[PDB]
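Just the one chain here, the form deposited in one PDB entry, laid out as structure tokens.
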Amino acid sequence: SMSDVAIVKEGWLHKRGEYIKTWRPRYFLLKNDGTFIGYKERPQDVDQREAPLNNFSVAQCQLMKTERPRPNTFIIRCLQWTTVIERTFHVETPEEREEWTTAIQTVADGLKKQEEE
């Protein structure tokens, strides 16, 4: 129960709009249960933590590193209920991008092992 809701990684990033393709600052949190949740403002209490702006599930996701429109961009391709979606993120260094993509992959891998077991 409690290990599943551990926060694996959290931090600020920029998230690109889907239609108005600007880079928007968002605070994201990844948990062991595959939830990847974003906030406009970094939450400062539990009520704020419980009301994210963005909410994705990283189970079986694909993780793509790209250099356009900016270096150090990454794309997650994931399933949102029954629709495949892509979301685009940016951080300031390739090392930080690797930290995020590896963290997400590690969580996805743990979920697949749970399924197998």
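Start at 1 with the first residue shown and count on from there. Here, rigid core means the biggest group of C-alpha atoms that superpose within 1.5 Å across both forms.
The same protein also has a form deposited in another entry, omitted here; what follows describes it.
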Response to the item:
Candidates 55, 80, 62, 66; compared between this form and the one not shown on the rigid core, the one with a C-alpha shift of 2 angstroms or more is 80
Fill in: in the other form, whether the C-alpha atoms of residue 111 and residue 48 sit closer or farther than here (change of 3 Å or more)
farther
Discussion item. Just to spell it out: taking the C-alpha atom of residue 50 and the C-alpha atom of residue 40, is that distance smaller or larger in the other form than in the structure shown here, given it changes by 3 Å or more?
Written reply: closer
